[PDB]
Amino acid sequence: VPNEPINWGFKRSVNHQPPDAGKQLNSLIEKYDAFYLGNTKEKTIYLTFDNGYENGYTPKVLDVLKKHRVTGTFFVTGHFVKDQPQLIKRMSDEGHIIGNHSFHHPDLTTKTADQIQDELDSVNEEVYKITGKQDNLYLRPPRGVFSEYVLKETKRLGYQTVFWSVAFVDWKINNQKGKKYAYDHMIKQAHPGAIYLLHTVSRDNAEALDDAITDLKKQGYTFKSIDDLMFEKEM
Numbered sequence: 024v025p026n027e028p029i030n031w032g033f034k035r036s037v038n039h040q041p042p043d044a045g046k047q048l049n050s051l052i053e054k055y056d057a058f059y060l061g062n063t064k065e066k067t068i069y070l071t072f073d074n075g076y077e078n079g080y081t082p083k084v085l086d087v088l089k090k091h092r093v094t095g096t097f098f099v100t101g102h103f104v105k106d107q108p109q110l111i112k113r114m115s116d117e118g119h120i121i122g123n124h125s126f127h128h129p130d131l132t133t134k135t136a137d138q139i140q141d142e143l144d145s146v147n148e149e150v151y152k153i154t155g156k157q158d159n160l161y162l163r164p165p166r167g168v169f170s171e172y173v174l175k176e177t178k179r180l181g182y183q184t185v186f187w188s189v190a191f192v193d194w195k196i197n198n199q200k201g202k203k204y205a206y207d208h209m210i211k212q213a214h215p216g217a218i219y220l221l222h223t224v225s226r227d228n229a230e231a232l233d234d235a236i237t238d239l240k241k242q243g244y245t246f247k248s249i250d251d252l253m254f255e256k257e258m
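Per the authors' numbering, the very first residue in the sequence shown carries number 24; after that it's consecutive.
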């Protein structure tokens, strides 16, 4: 209404400057409740993760975040929550934010309002069964696919749609390139206000992250959460 499919994408950050999705996406983003950047006026980075399934490394990622005292926002699917309740419980117990990546991870633009409501509510329902808690409502569309209609409808349901400004190929299981590949991207693409989208399924991703946080802090970056981002802009 319009329900024209749009893929979240952007020219990567260069020279450590925030990237720009274009005047077209920027407008849509403002029109509804959504963002891909935090406060670009300060040297801050916000870490987010997409979690659809487990490959053995999320516990180490949680250990790394705890070590650095950093808060992550984990966008989870129905499958992930049902397959890994203990990890879901650790995210909650250790101060992180659990975001909604939808139950079945469908292309939301192909779903009715009614369906969308169940796709999102069912994830919170299961998370609550596990934690007895419920975070502020954040949504990341599956495959980054959305439309004006999906934005309008999810806003009406109380969700803040969260995109990203830094992402790389750390989700290909048949070609896990190791620590350096991931670490170098996290350093090179860094910029003020950056919202990083990371996966936790690739070989050594936790170690790369540990090194990246260590060196990004050394550079003067501070890591804040998606809740901080929302509250701080509110003022």
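Just so it is clear, CB atoms sit at the ideal spot from N, CA and C, and this is done for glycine as well.
Taking the alpha-carbon positions, what's the residue i to residue j distance?
| i | j | result |
| --- | --- | --- |
| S36 | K211 | 8 Å |
| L88 | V24 | 41 Å |
| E65 | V146 | 33 Å |
| residue 264 | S248 | For the chain, the structure presents residues 24 to 258; residue 264 sits outside this window and is missing. |
| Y204 | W194 | 12 Å |
| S170 | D238 | 37 Å |
| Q107 | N123 | 15 Å |
| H39 | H214 | 5 Å |
| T67 | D73 | 20 Å |
| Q157 | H127 | 20 Å |
| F246 | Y161 | 18 Å |
| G79 | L110 | 11 Å |
| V93 | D116 | 14 Å |
| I196 | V189 | 20 Å |
| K46 | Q140 | 30 Å |
| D86 | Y244 | 20 Å |
| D43 | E257 | 22 Å |
Tell me which residues share the same chain as residue i and place their Cβ nearer than 6 Å to its Cβ, disregarding the 5 neighbours each side in the sequence.
| i | result |
| --- | --- |
| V84 | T223, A229 |
| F191 | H208 |
| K178 | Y55, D56 |
Ignore the nearest five residues each way along the sequence and tell me which others in residue i's own chain have a CB closer than 7 Å to its CB.
| i | result |
| --- | --- |
| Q199 | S225, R226 |
| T63 | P41, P215, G216 |
| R163 | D73, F98, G122, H124, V185 |
| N30 | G167, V168 |
| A235 | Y206, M209, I210 |
Candidates the options: which alpha carbon is nearest residue i's?
| i | options | result |
| --- | --- | --- |
| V150 | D251, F97, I29, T177 | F97 |
| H119 | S50, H91, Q140, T132 | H91 |
| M114 | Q140, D130, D144, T81 | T81 |
| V185 | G167, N38, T67, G75 | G167 |
| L180 | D86, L143, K241 | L143 |
| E27 | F33, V189, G101, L131 | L131 |
| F33 | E255, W187, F246, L252 | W187 |
| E148 | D116, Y172, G101, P129 | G101 |
| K152 | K134, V104, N197 | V104 |
| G75 | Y172, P165, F58 | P165 |
Tell me, to the nearest whole angstrom, how far the beta carbon of residue i is from that of residue j; I am working on the premise that it is less than 8 Å.
| i | j | result |
| --- | --- | --- |
| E77 | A136 | Contact flag wrong, Cβ pair sits at about 31 Å. |
| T71 | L232 | Not really, about 12 Å apart at Cβ, beyond 8 Å. |
| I218 | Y69 | 5 Å |
| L174 | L48 | Not confirmed; about 11 Å, so no contact. |
| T154 | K202 | Contact doesn't hold; Cβ gap of about 32 Å is too wide. |
Might you give, ordered along the chain, the residues of its own chain that have their beta carbon closer than 8 Å to the beta carbon of residue i, omitting 5 neighbours on each side?
| i | result |
| --- | --- |
| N159 | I120, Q183, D250, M253 |
| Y172 | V24, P25, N26, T132 |
| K134 | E142 |
Exercise. Mind pulling the beta strand (DSSP E) runs of 3 or more residues that sit fully within the segment 204–238?
Worked result: Correct list: 217–221.
Problem set entry | Unbroken stretches of the beta strand (DSSP E), 3 residues or longer, contained in the segment 99–151 | Entirely contained in the segment 99–151, the beta strand (DSSP E) runs reaching 3 residues are, in chain order, 120–123.
Problem set entry | Runs of beta strand (DSSP E) wholly within the segment 148–185 (minimum 3 residues, chain order) | Fully enclosed beta strand (DSSP E) runs of 3 or longer: 183–185.
Problem set entry | Continuous beta strand (DSSP E) assignments of at least 3 residues falling wholly in the segment 48–90 | With a minimum length of 3 residues, the continuous beta strand (DSSP E) runs that stay inside the segment 48–90 are 67–74.
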